[PDB]
Amino acid sequence: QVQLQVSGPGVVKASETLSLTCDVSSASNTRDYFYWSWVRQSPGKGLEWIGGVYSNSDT
Amino acid sequence: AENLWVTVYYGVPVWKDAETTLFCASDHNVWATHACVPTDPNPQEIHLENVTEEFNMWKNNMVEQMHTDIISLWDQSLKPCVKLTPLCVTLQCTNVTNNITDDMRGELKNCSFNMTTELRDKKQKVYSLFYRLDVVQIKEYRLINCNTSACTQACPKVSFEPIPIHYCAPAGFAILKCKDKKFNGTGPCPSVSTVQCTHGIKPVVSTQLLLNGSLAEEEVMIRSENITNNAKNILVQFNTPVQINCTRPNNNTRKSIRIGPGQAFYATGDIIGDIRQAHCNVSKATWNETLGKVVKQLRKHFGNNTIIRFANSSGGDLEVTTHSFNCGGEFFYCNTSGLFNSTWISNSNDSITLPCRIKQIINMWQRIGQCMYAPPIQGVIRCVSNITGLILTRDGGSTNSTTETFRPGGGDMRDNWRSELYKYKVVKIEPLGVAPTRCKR
Amino acid sequence: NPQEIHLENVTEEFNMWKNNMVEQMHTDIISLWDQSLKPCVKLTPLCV
Amino acid sequence: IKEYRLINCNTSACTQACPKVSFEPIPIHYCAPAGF
Amino acid sequence: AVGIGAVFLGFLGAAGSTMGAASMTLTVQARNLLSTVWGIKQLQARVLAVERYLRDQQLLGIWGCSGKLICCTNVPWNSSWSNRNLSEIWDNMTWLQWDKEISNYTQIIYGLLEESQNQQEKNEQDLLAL
Amino acid sequence: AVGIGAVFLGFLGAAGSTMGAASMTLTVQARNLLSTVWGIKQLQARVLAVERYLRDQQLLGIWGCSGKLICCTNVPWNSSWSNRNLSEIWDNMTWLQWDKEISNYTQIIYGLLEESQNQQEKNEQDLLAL
Amino acid sequence: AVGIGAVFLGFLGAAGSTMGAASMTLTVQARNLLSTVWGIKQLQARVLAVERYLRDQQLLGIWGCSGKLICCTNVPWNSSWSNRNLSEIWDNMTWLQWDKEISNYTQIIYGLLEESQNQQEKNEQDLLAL
Ligand SMILES: *[C@@H]1O[C@H](CO)[C@@H](O[C@@H]2O[C@H](CO)[C@@H](O[C@@H]3O[C@H](CO)[C@@H](O)[C@H](O[C@H]4O[C@H](CO)[C@@H](O)[C@H](O)[C@@H]4O[C@H]4O[C@H](CO)[C@@H](O)[C@H](O)[C@@H]4O)[C@@H]3O)[C@H](O)[C@H]2NC(C)=O)[C@H](O)[C@H]1NC(C)=O
Ligand SMILES: *[C@@H]1O[C@H](CO)[C@@H](O[C@@H]2O[C@H](CO)[C@@H](O)[C@H](O)[C@H]2NC(C)=O)[C@H](O)[C@H]1NC(C)=O
Ligand SMILES: *[C@@H]1O[C@H](CO)[C@@H](O[C@@H]2O[C@H](CO)[C@@H](O)[C@H](O)[C@H]2NC(C)=O)[C@H](O)[C@H]1NC(C)=O
Ligand SMILES: *[C@@H]1O[C@H](CO)[C@@H](O[C@@H]2O[C@H](CO)[C@@H](O)[C@H](O)[C@H]2NC(C)=O)[C@H](O)[C@H]1NC(C)=O
Ligand SMILES: *[C@@H]1O[C@H](CO)[C@@H](O[C@@H]2O[C@H](CO)[C@@H](O)[C@H](O)[C@H]2NC(C)=O)[C@H](O)[C@H]1NC(C)=O
Ligand SMILES: *[C@@H]1O[C@H](CO)[C@@H](O[C@@H]2O[C@H](CO)[C@@H](O)[C@H](O)[C@H]2NC(C)=O)[C@H](O)[C@H]1NC(C)=O
Ligand SMILES: *[C@@H]1O[C@H](CO)[C@@H](O[C@@H]2O[C@H](CO)[C@@H](O)[C@H](O)[C@H]2NC(C)=O)[C@H](O)[C@H]1NC(C)=O
Ligand SMILES: *[C@@H]1O[C@H](CO)[C@@H](O[C@@H]2O[C@H](CO)[C@@H](O)[C@H](O)[C@H]2NC(C)=O)[C@H](O)[C@H]1NC(C)=O
Ligand SMILES: *[C@@H]1O[C@H](CO)[C@@H](O[C@@H]2O[C@H](CO)[C@@H](O)[C@H](O)[C@H]2NC(C)=O)[C@H](O)[C@H]1NC(C)=O
Ligand SMILES: *[C@@H]1O[C@H](CO)[C@@H](O[C@@H]2O[C@H](CO)[C@@H](O)[C@H](O)[C@H]2NC(C)=O)[C@H](O)[C@H]1NC(C)=O
Ligand SMILES: *[C@@H]1O[C@H](CO)[C@@H](O[C@@H]2O[C@H](CO)[C@@H](O)[C@H](O)[C@H]2NC(C)=O)[C@H](O)[C@H]1NC(C)=O
Ligand SMILES: *[C@@H]1O[C@H](CO)[C@@H](O[C@@H]2O[C@H](CO)[C@@H](O)[C@H](O)[C@H]2NC(C)=O)[C@H](O)[C@H]1NC(C)=O
Ligand SMILES: *[C@@H]1O[C@H](CO)[C@@H](O)[C@H](O)[C@H]1NC(C)=O
Ligand SMILES: *[C@@H]1O[C@H](CO)[C@@H](O)[C@H](O)[C@H]1NC(C)=O
Ligand SMILES: *[C@@H]1O[C@H](CO)[C@@H](O)[C@H](O)[C@H]1NC(C)=O
Ligand SMILES: *[C@@H]1O[C@H](CO)[C@@H](O)[C@H](O)[C@H]1NC(C)=O
Ligand SMILES: *[C@@H]1O[C@H](CO)[C@@H](O)[C@H](O)[C@H]1NC(C)=O
Ligand SMILES: *[C@@H]1O[C@H](CO)[C@@H](O)[C@H](O)[C@H]1NC(C)=O
Ligand SMILES: *[C@@H]1O[C@H](CO)[C@@H](O)[C@H](O)[C@H]1NC(C)=O
């Protein structure tokens, strides 16, 4: 089963660059491409889709 | 007007039950993992959707294979070690009364004896401390095993600590794992997957209490080949563990004497300080709530209005009558009278202490004529374990009374392996099939 | 008649100090010596 | 220990060499299986 | 249906699928058929796997289907073995149920395939002479 | 030819030669790939050789290239695996260097090859259905 | 004779029959070629059986006769090997007498078939090159 772990700074100053890293651990070694994406939800608001990328191409 | 012809398909996903030899994989020890194929870093577990498979824990060949493998490994480990044939002699034994408590009166015997040396023509007068369960009076005493067979001393280097063992099938064979929770161990399983190897199963040897095992993910599980049959053992799996702290507080001193050319016998010289009985502590509240969960689960099988009581063990040998196990080399037998002693009505920091007796002459498997001597462990010893399950037996079974009596069980280590291999089965793949199709050669 | 072949146009990296053949030969020789010494007398009573 | 003992006695027992077994080295060719 | 990847099933992921769906994963199952207390056991397991694989390959060869995952044959399918039509065979059941159903007639089909292959070989030899 | 010797090409003789020249000497490699303490290890040596040869034969078979030295396949060559030109590889590189270059793409190529072989088998079945 | 039934010969029933008649039972003989100290002896026996079976399979393969019970070859039949006609061979004597007769000319014939198949595969590769 694919497992995802997120990491990054808990506090970032205003007008700076926020860097987040999500690592992927997959138990299957055969060649497979997933579609990864980032989704943020503000406190008390609905979810928002930031962006995504393929796991085998720069698209 | 059909015109259907045979077509051969190679590689169809078909399997059926089979018996094979599963080989070991692991990440000086009694369980030889040096010869096992190292486990893959990322095990492959493929879920079989739309697959319902019949499982049966009580007729699984994996349990028999694991039992035979464990006995073979034990024999291999004991093969290159000293044989205590000269140890069978007349012993002049006195009572150990130096700094001992009232509960330890007569348990230890200070025994002096003549013994061989490096040279065949020389003898040495030596002394040792022997547990009361190990010596039988002929002041004249002899080891208990002398009139049965010789004993092979356990080598001090090999460690008795269990190591996880993964069982893997060869090519052309598959291992099916039942992922369905709340599983009885017998019948259909709709949630089934296939694994190249089983999970790490530590070969823990224990009676009346499954230690360092696997926990149920939802609630306490009751399993039995025939629950209505009082002669069938009941396997109970806890959803949460119960911490048990087992300790021998004696500061045992090991002295090694030369008994021959390159042969050393490790005796217990003296206990440094006070002498007191080894014992096991278990939290009272945790045990009470676990017993309540077990009672509520058993009520589903034996009726909501029945009376459930936990009582003595029936009787027999010390291995079955008491909770037998090992704690870092020293072999403990603990009187589990305070645990299974209560009744339940269908309406703090203190802990329960179980006294324990240490033994050196041992018989792990149900065999006669093959014994082992456990060298003493230097100093105090303590261990912490997870009680994750129970082996129970139902007494009587008459319908005259509404009460049900459950007693601790054990003795057969096949049940211990069954509690871990209940969800696993082995099948052989059949890639050849014939089907009807309109295609023609 | 041993059959040798020249690998023309070939270059290969060797390392005698990490060759598995040496360890295999050592193990085989030890096993042979252990085998040869099994079926004859052991001089246990000689220690006097 | 005039009194003497074999050096190996306090280490381990000794196995007498088989008398008819020769210690002459013989050439050995270490040959791999097929595919090697 | 725009942001999506692709993951392919494993060794037996197609077991619960229909026959038609499972017929595309034959190679996945095929490739996995070949790959002192623990030594002799492993050696015997390897020998047993080799023997089983070679037995299956020999059966395929004597049926004239050597080196073919799917191979049509000249043996007709009579209604005695199975009265079920193709519509409910390749779209309403899996291969395990098929093995359960026609386990009794497997040897008869195998013998008929062997005899058909022998007859085909003899006919080919006779035709090739001309 | 009266006065003439016999230069028998050797095993792995064209290892250092270019791929184009080395592809002409596949036979000398392929023809002989199968052929108390000593006997016990001779046994497992034989078993290892047999199982290696059988796995190679199975891999050849599941790609539809059984009993062949050069097998043309239907899967296209993805340029991402190697951007080098045909004349570059077939005249300025050896087989060993090629193996080192594409050592990390062998599994994907093998999977595509077996999938294409399965698709070809299905297409042949459909063609024979008419 | 109406109402007779049928029973088919077993492993070596056609041993003493004519070669033409014995050629119908190739599959029956073919299927029977594969199926502590005594453990070692049995392992040696079965491993050697597997090795012999693979030897036979590869010997057939190096002639291009893979998977074929009856396989025709381009090697002409030299007269000195046997001056008997087809009628006297296929209808008046068995396979055992045949093998006894051609025991002297077995290896040379095998080499001839081997080189013929080598030439054939070389020609096929050359033709497919264009
Ligand atoms: C359930 O699991 C738990 C947790 O894993 C188990 O509890 C562990 O038990 C092990 C051993 O049973 C214990 O490890 C020992 O701890 C001691 C403190 O560190 C050490 O004394 C000891 O090391 C000695 O023994 C090893 C062999 O066991 C040797 O390799 C090592 O060199 C040491 O031996 C030297 O010292 C002794 C004593 O002087 C001497 O006789 C020797 O000759 C040598 O000089 C072990 O490391 C863990 O600490 C325990 N963990 C916990 C949390 O309690 C529990 O036993 C399991 N239950 C069951 C039933 O299996
Ligand atoms: C067990 O007995 C031995 C011998 O009978 C005791 O060892 C003696 O100890 C006393 C007091 O320390 C010494 O004076 C003697 O010289 C010792 N004798 C020998 C032969 O060693 C030993 O103390 C006893 N142990 C226990 C626990 O009672
Ligand atoms: C060790 O051996 C000695 C010598 O045999 C034993 O001492 C003998 O004991 C017997 C029986 O009591 C007497 O008849 C002898 O006279 C004793 N001989 C000597 C030299 O003392 C001694 O008892 C043995 N020790 C043990 C612990 O069994
Ligand atoms: C006893 O049980 C506890 C509780 O289940 C175990 O602690 C777990 O250890 C595992 C190690 O694989 C961790 O993943 C879990 O997160 C732990 N859980 C908790 C609640 O701490 C403990 O390891 C067990 N000990 C033994 C010896 O079996
Ligand atoms: C479970 O055990 C019970 C009790 O033995 C079995 O029922 C008994 O079956 C025998 C068969 O001869 C009868 O003589 C007894 O009278 C039955 N006793 C009761 C209480 O029913 C029962 O068959 C067993 N179940 C299974 C599935 O084997
Ligand atoms: C088991 O519990 C008993 C008490 O029920 C413990 O005995 C205490 O041990 C501590 C050691 O920290 C001493 O300070 C106390 O004086 C002891 N009290 C009594 C009444 O004996 C015992 O140590 C516990 N053992 C384990 C292994 O946890
Ligand atoms: C068994 O021993 C463990 C320590 O190994 C005990 O855990 C302690 O529990 C007390 C609560 O009474 C806590 O204050 C301590 O911090 C715990 N210690 C550790 C190291 O976590 C446990 O209580 C003991 N159990 C029994 C039944 O005696
Ligand atoms: C069963 O429980 C009883 C009482 O709780 C125990 O019986 C005692 O056994 C000892 C030793 O045989 C006798 O000296 C006592 O007189 C018995 N008491 C009674 C009231 O009968 C018995 O030990 C327990 N069984 C086990 C295995 O611990
Ligand atoms: C296990 O523990 C119980 C509880 O202490 C023991 O039963 C006691 O036995 C003694 C005899 O030595 C009696 O005096 C007590 O009255 C008994 N207590 C109870 C509560 O019944 C039992 O004997 C122990 N088992 C063994 C095998 O020693
Ligand atoms: C498991 O079975 C279900 C149905 O039992 C399959 O879902 C069907 O898929 C087919 C074609 O793929 C559709 O025509 C049906 O309408 C679907 N049924 C339902 C109820 O949705 C499902 O694909 C099977 N899973 C696998 C992995 O083969
Ligand atoms: C090793 O390299 C040499 C040259 O470096 C190869 O010889 C070349 O062969 C080709 C094709 O026959 C000719 O076109 C070249 O002119 C040759 N070069 C020279 C310098 O003579 C040689 O073939 C390679 N080795 C092997 C075994 O193929
Ligand atoms: C065994 O041999 C006999 C005689 O050698 C065979 O009988 C001949 O059968 C053929 C046709 O099969 C006839 O043309 C001949 O006239 C028969 N000869 C005689 C003398 O009867 C018989 O067929 C052989 N049987 C087998 C099973 O090989
Ligand atoms: C040793 O103590 C036990 C238990 O108290 C007693 O039965 C025995 O008679 C004693 N033996 C002696 C003093 O020799
Ligand atoms: C050995 O002796 C004990 C007690 O002395 C007895 O119970 C046991 O049956 C004896 N065993 C044999 C094999 O004689
Ligand atoms: C588990 O097995 C028992 C024993 O036959 C059966 O009666 C019960 O229905 C099974 N339980 C489940 C949940 O399948
Ligand atoms: C046991 O005795 C030894 C030697 O006297 C000492 O070093 C050690 O600390 C003692 N251990 C305990 C737990 O008292
Ligand atoms: C026991 O009580 C529960 C309610 O707590 C009830 O659902 C259950 O059915 C009862 N058990 C039986 C066997 O009827
Ligand atoms: C068993 O429980 C009873 C109360 O029912 C109590 O009096 C007795 O002491 C208990 N025995 C043990 C050994 O815990
Ligand atoms: C054996 O004795 C020799 C000479 O007395 C001594 O050097 C050696 O250390 C001893 N070895 C052992 C294992 O006692």
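Cβ sites come from the backbone with ideal geometry, for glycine too, and all protein chains shown count toward neighbours. Any read-out appearing in this document is the output of simple, stated calculations on the displayed coordinates, not a laboratory observation.
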Of the residues F:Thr18, F:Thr94, which is within 14 Å of chain C (Cβ to nearest Cβ) and touching a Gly at 6+ places or on another chain (Cβ under 9 Å)?
F:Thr94
Across region F:83-108, the tally of residues that are in contact with a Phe, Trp or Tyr (Cβ under 8 Å, 6 or more places away or on another chain) and either under 30 Å from G:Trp63 (Cα atoms) or among the hydroxyl-bearing types (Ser, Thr, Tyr) (or both) stands at 1
Failed criterion for B:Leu318 (all others in (1) within 16 Å of ligand 14 (Cβ to nearest atom); (2) buried (at least 16 other Cβ atoms within 10 Å of the Cβ); (3) of a type outside the set (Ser, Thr, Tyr) hold)
(2)
Could you grab me the full set of residues in region E:36-57 that are touching a helix residue (DSSP H, G or I) at 6+ places or on another chain (Cβ under 7 Å) and farther than 19 Å from B:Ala35 by Cβ?
E:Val50, E:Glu51, E:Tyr53, E:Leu54
Looking for something within 14 Å of chain E (Cβ to nearest Cβ), away from ligand 9 (no atom under 16 Å from the Cβ), buried (at least 18 other Cβ atoms within 10 Å of the Cβ) and assigned to a loop (DSSP other than H, G, I, E, B) - is there at least one such residue anywhere in region B:48-58?
yes
Taking the condition aromatic (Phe, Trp, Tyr), away from ligand 18 (no atom under 16 Å from the Cβ) and in contact with a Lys or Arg (Cβ under 6 Å, 6 or more places away or on another chain), does B:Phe302 pass?
no
Unique residue being away from ligand 14 (no atom under 16 Å from the Cβ), over 27 Å from E:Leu33 (Cα atoms) and in contact with a helix residue (DSSP H, G or I) (Cβ under 7 Å, 6 or more places away or on another chain) when the list is F:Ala14, F:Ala1
F:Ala14
Residue in region C:9-18 that is outside any helix (DSSP H, G or I), surrounded by 11 or more Cβ atoms within 10 Å (Cβ to Cβ) and within 10 Å of chain F (Cβ to nearest Cβ) present:
yes
Please pick out the residue among B:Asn245, B:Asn250 that is within 16 Å of ligand 6 (Cβ to nearest atom) and closer than 30 Å to B:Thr117 by Cβ.
B:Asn250
Please work out which one of (1) small (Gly, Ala, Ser); (2) surrounded by fewer than 16 Cβ atoms within 10 Å (Cβ to Cβ); (3) on the phi > 0 side of the Ramachandran plot is the condition F:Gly64 fails and give its number.
(2)
Kindly list, by first and then second residue, each pair from a residue in region E:115-130 that is under 18 Å from G:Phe8 (Cβ atoms) to a residue that is assigned to a helix (DSSP H, G or I) and β-branched (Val, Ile, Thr), limited to pairs with Cβ atoms under 9 Å and residues at least 6 apart or on different chains.
E:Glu115/G:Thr27; E:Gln117/E:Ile62; E:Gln117/G:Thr27; E:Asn118/E:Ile62; E:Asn118/G:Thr25; E:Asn118/G:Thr27
Out of (1) touching a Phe, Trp or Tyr at 6+ places or on another chain (Cβ under 7 Å); (2) part of a strand (DSSP E or B); (3) under 30 Å from F:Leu130 (Cα atoms), what's the single condition that is false for B:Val434?
(1)
So how many residues does region B:113-153 have that are more than 16 Å from ligand 19 (Cβ to nearest atom), over 30 Å from the mean Cα position of the chain (by Cα) and exposed (fewer than 13 other Cβ atoms within 10 Å of the Cβ)?
7
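Listed here are the residues, each with its yes/no results for (1) within 24 Å of the chain's Cα centre (by Cα); (2) within 16 Å of ligand 19 (Cβ to nearest atom).
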{"site": "B:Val192", "(1), (2)": "no, no"}
{"site": "B:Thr198", "(1), (2)": "yes, no"}
{"site": "B:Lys202", "(1), (2)": "yes, no"}
{"site": "B:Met221", "(1), (2)": "yes, no"}
{"site": "B:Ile227", "(1), (2)": "yes, no"}
{"site": "B:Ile259", "(1), (2)": "no, yes"}
{"site": "B:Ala278", "(1), (2)": "yes, no"}
Please identify the pairs in which a residue from region A:31-43 that is closer than 11 Å to E:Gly5 by Cβ and within 7 Å of chain E (Cβ to nearest Cβ) has its Cβ atom under 6 Å from the Cβ atom of a residue that is among the polar types (S, T, N, Q) and assigned to a loop (DSSP other than H, G, I, E, B), counting only partners at least 6 apart or on another chain.
A:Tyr33/A:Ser55; A:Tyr33/A:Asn56; A:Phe34/A:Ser55
Among the numbered criteria (1) over 30 Å from B:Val14 (Cα atoms); (2) outside any loop (DSSP other than H, G, I, E, B); (3) away from ligand 14 (no atom under 16 Å from the Cβ); (4) in contact with a strand residue (DSSP E or B) (Cβ under 6 Å, 6 or more places away or on another chain), which one does B:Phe130 miss?
(3)
When you scan region F:74-91, do you find a residue that is within 14 Å of chain E (Cβ to nearest Cβ) and either surrounded by 15 or more Cβ atoms within 10 Å (Cβ to Cβ) or among the aliphatic types (A, V, I, L, M) (or both), even just one?
yes
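Conditions (1) touching a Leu at 6+ places or on another chain (Cβ under 8 Å); (2) within 14 Å of chain E (Cβ to nearest Cβ); (3) more than 16 Å from ligand 9 (Cβ to nearest atom); (4) not acidic (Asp, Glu), marked per residue:
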| position | (1), (2), (3), (4) |
| --- | --- |
| B:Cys93 | no, no, yes, yes |
| B:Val96 | yes, no, yes, yes |
| B:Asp103 | no, no, no, no |
| B:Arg120 | no, no, yes, yes |
| B:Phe130 | yes, no, yes, yes |
| B:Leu133 | yes, no, no, yes |
| B:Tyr141 | yes, no, yes, yes |
| B:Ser159 | no, no, yes, yes |
Out of (1) within 14 Å of the chain's Cα centre (by Cα); (2) surrounded by 17 or more Cβ atoms within 10 Å (Cβ to Cβ), the odd one out for F:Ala30 is which?
(2)
Name the pairs: first residue in region B:88-107 and in a loop (DSSP other than H, G, I, E, B), second residue within 9 Å of ligand 2 (Cβ to nearest atom) and among the aliphatic types (A, V, I, L, M), Cβ to Cβ under 6 Å, at least 6 apart or on different chains?
B:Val96/B:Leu108; B:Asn99/B:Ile275
Only one of A:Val12, A:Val24, A:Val39, A:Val6 is surrounded by 11 or more Cβ atoms within 10 Å (Cβ to Cβ) and part of a strand (DSSP E or B), namely A:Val24
Tell me which residues, restricted to region F:103-130, are facing another protein chain (nearest Cβ under 9 Å), of a type in the set (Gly, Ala, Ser) and buried (at least 16 other Cβ atoms within 10 Å of the Cβ).
F:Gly111
